[PDB]
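Engineer: Chains as they are written, first to last, in the entry's author numbering: chain A, 1326 to 1374; chain B, 394 to 442; chain C, 394 to 442. Beta carbons: idealized from backbone N, C-alpha and C, even for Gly. Please find one structure pasted underneath; my questions will follow.
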Amino acid sequence: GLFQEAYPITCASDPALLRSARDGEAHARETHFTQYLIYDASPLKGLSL
Amino acid sequence: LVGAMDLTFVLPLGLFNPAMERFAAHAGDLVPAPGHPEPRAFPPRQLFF
Amino acid sequence: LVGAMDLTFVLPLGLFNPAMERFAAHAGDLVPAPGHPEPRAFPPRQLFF
């Protein structure tokens, strides 16, 4: 309501390139040739969810 | 005293990496089987999450 | 008070990777002897456990 913003999720355009996320943010490869990955900024960021 | 949340999440589908940003962190990072077309290079039409 | 458990299990045999998921996490990852065919690139018929 206030901020008119939305929060992105952990997401990627390759399944192969998504697995690199679940290790943690550090090892994620944000880009490959075209295929890429998006890592979430949420209030849920640090929870088990 | 048990509440609720509403969070809205933004997922892009068909976007395309900029010029500087199309690369691979190494030469052989994800290599398709020898003599096969590499989908990693194509424009992504999908997502995963 | 010493009980028992019943757990099924499910193992796929001859199934076949999707299209995005056929690759090798390195170029030289698992290499046959030079001058031999790759047994890895054939459609898999087996399971190990």
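Taking contact to mean at least 3 C-beta pairs separated by less than 8 Å, is the stretch 1347-1367 of chain A in contact with the stretch 1326-1333 of chain A?
Structural biologist: The count of Cβ pairs closer than 8 Å, one atom from the stretch 1347-1367 of chain A and one from the stretch 1326-1333 of chain A, reaches three, so the stretches are in contact.
Engineer: Under 8 Å between the Cβ atoms of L404(C) and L440(C)?
Structural biologist: Yes, the pair counts as a contact, with Cβ atoms nearer than the cut-off.
Engineer: What residues from the stretch 1343-1354 of chain A come within 7 Å of chain B, judged by C-beta to C-beta, listed N to C?
Structural biologist: If you check each beta-carbon in the stretch 1343-1354 of chain A against every beta-carbon of chain B, the ones closer than 7 Å belong to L1343 and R1354.
Engineer: Mind checking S1373(A): buried by the 16 CB within 10 Å criterion, or exposed?
Structural biologist: exposed
Engineer: Hey, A426(B) and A434(C): beta-carbon distance below 8 Å or not?
Structural biologist: yes
Engineer: Under a CB-based cut-off of 8 Å, is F409(C) close to chain A?
Structural biologist: no
Engineer: Give the single residue among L1327(A), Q1360(A), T1359(A) and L1343(A) whose Cα lies nearest to the Cα of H1352(A).
Structural biologist: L1343(A)
Engineer: Consider the Cβ of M413(C): report whether some Cβ of chain A lies at a distance smaller than 8 Å.
Structural biologist: Taking Cβ atoms only, chain A reaches closer than 8 Å to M413(C), which makes this a yes.
Engineer: List the endpoints of the continuous alpha helix (DSSP H) containing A1341(A).
Structural biologist: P1340 to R1347
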